[PDB]
Structures are given as structure tokens and as C-alpha cells.
């Protein structure tokens, strides 16, 4: 399997069994094919489909609103916005990119994985239509930056926090690897997308905002490195992946896991069980890439001896019973998020207890959630 942001073992297993005609996998891939048919018809989305322009006046600049920032009723014009941690301001849906990056990301990811598994050219053709439009088109493609992501009206300083939005379309960037060699993904297509990814990676590493985000003390820093790895793996820069793993991910993990295994930076949030899980989800997705080159982020210690397994240990009780959670969680926690997390951390740590609970929680056999495509083992 090519290097990319997915469990390559589960993907290889599925393609292997599908080609062998194995009855149970074959009908499962056929259901996925039935779910994926809406993505073949779907019109490609573009970041430029917005009316309100960002300060650059360029519709190709991605812009969303930072979700927890609200107008201040006690100001005639509402400015400057104020923060209510954990309460999503519905003004976020006035920026079409917020949901459209998700819609595009799901479509490209699902089609690419189906093309890899089945070899059917119809999936590469449709995946490529989405990739070209979203990334490389000279009129419709998004500029390779996240300058105006999670802007806050009337905030004086530029922030890097919006970079975390990138995870929606960066999974799709990596899945582009899977359609290389099809008839639809031409060398010219690959060149343009390589150049875009090179430019986006330059922006991540050298813009002031990217630099700040790479030093974030909480899950923003972890998700920054998960996204970085997706870009680097798409550009086939495996040596950089190791260096990021050992000079950034491991030190960050070693600083953010407390001695007891809790994540103090996520504990202080209004959705602290969501953000403990979200922080580990960054690690899980980073690990799917590092482990394809022999680096197990779950078991590899930081310089101070801390290991990511300790953070799963701390949380595992509360995944069995989320109502036992003793920290602030102003909205109910979705236990289904732990299924994939516990499976991924479970197999990587040879911990059957985690894997057992992962299948008992399970995923819906017929769910259309694209991130669950590889996890038949959970259905």
C-alpha cells in the first residue's frame, strides 16, 4: 500500500480479500460502492464559492470563523467578539468552506480508497475531479495558505489556530497518492498537486502563523504535526517524517501527558473529554503515517520516558462509562469516537482489552461515515 493517512494494514487486507473473491468482504465493498455513488454524481466544490470576501479580496483564500467567538451584545456593532469556550457560534455556517471542506474531503477520501481497493477507474476519475477543482484549478483551486482560517472579527492579532481546519482537506491530499497510475490522474495533474503541496508545506513551516501553530502547547500542536505528516507523506519525504516524529511529535507528547496520563491542557476546556480524545486522535492519525515507516507513536517514549499509551490508560475507564468523567464536559460525549481510537491504539500496543472494547462499542455496518471505511473489523 502507498504511504498515506489511513490504516494501511486494514486497507491491504481489504483489497487482498476483495480480489480473492471472499464473500463477506465483497458484499461489504459493494455496500461502500453503493454509498460512494453520490460522490460520483456530486459537483466538485471550490473554496471560491463565497460572497463575503476575506481581507485579501481573493475568493481563493480559505476563510472560516473561529467557532467559539461571538458578538458582544453590549457593543453597538458587536466588536470585538468574545469567546464562549465550547459553544459553537452558528455564524460559522455563513462561510461555505467550513462544511464544504468536509464535503470535499469525504468525497475525495472515499473515492480514493474505493479506487485502491477495487481498481475500478470510475473511482479515480471522480476522485480526480474533486482534487483538481479544490486544490489545483487556476480559478477554482484554493491558494496554498490558511491565512484567514478561523478569523475573529475585531481581533487585533493574526492567529495560527485556524490551521487545524486543514485536517479536512489534507486527508484528501494524501489519498491522491492512491490514484496515481490510473488513467484519470495524468502526470500533469500529479505535478500541479505536488507543486501545490510543496507551496502549502512551505507556508506551514515558514509563515508566522504556521510557526506559531507548530509550537502550540495543546492539541493544536499535535494536529499541526498530524497535518504536516500528511503533506510530507504525500510528497514522499520520509526522512522529514522521522525528524518531525522525533523532534516535534515526541517532545510535544512528552510535555502534554502528565505523570498520571491525563492531558492537563485539554482538562481545562469546557469539552474536556472531547478534547482529550481529540488530542489522541491527532496522535492516531499521525501514527498511521509514522508506523508505515517503522515508528510506533503509541509505544515510542519521549525523552522523559512518557508514552502515548499512558494517555489511553487514563481515558479508557471513562470510555466504558463517559458519565464517570470528573471534568467539565458541557455537552454529552460521543462514545463511538472511542471505537476507532481504541482499535488503533489497541493493535499498536498489543493490548487485547482495548481491541475487545473497540468491537463491543463497534461501528454501524452500513454507516456512510467515510473515515470508517477501513474498519470492517469493527462492523
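Numbering follows the first chain given and starts at 1.
Visitor: Going by the mean C-alpha B-factor recorded in the entry, which is higher: 196-204 or 117-125?
Guide: So the stretch with the higher mean C-alpha B-factor is 117-125.
Visitor: So 141-149 or 74-82, which one's hotter by mean CA B-factor in the entry?
Guide: According to the entry, 74-82 carries the higher average C-alpha B-factor.
Visitor: Can you work out whether the C-alpha temperature factor of residue 332 puts it in the lowest, middle or highest third of the chain?
Guide: Within its chain, residue 332 is a highest-third residue by C-alpha B-factor, going by the deposited values.
Visitor: According to the PDB entry, is the CA B factor of residue 60 in the bottom, middle or top third of its chain, that is, lowest, middle or highest?
Guide: According to the entry, residue 60 has a C-alpha B-factor in the chain's lowest third.
Visitor: According to the PDB entry, is the CA B factor of residue 68 in the bottom, middle or top third of its chain, that is, lowest, middle or highest?
Guide: Its C-alpha B-factor, which the entry lists for residue 68, ranks in the lowest third among residues of this chain.
Visitor: Going by the CA temperature factor in the PDB record, which third of the chain does residue 90 belong to: lowest, middle or highest?
Guide: Lowest third - that is where residue 90 ends up once the chain's C-alpha B-factors are sorted.
Visitor: Based on the entry's values, in what third of the chain does the Cα temperature factor of residue 320 lie: lowest, middle or highest?
Guide: For residue 320, whose C-alpha B-factor we compare with every modelled residue in the chain, the answer is the highest third.
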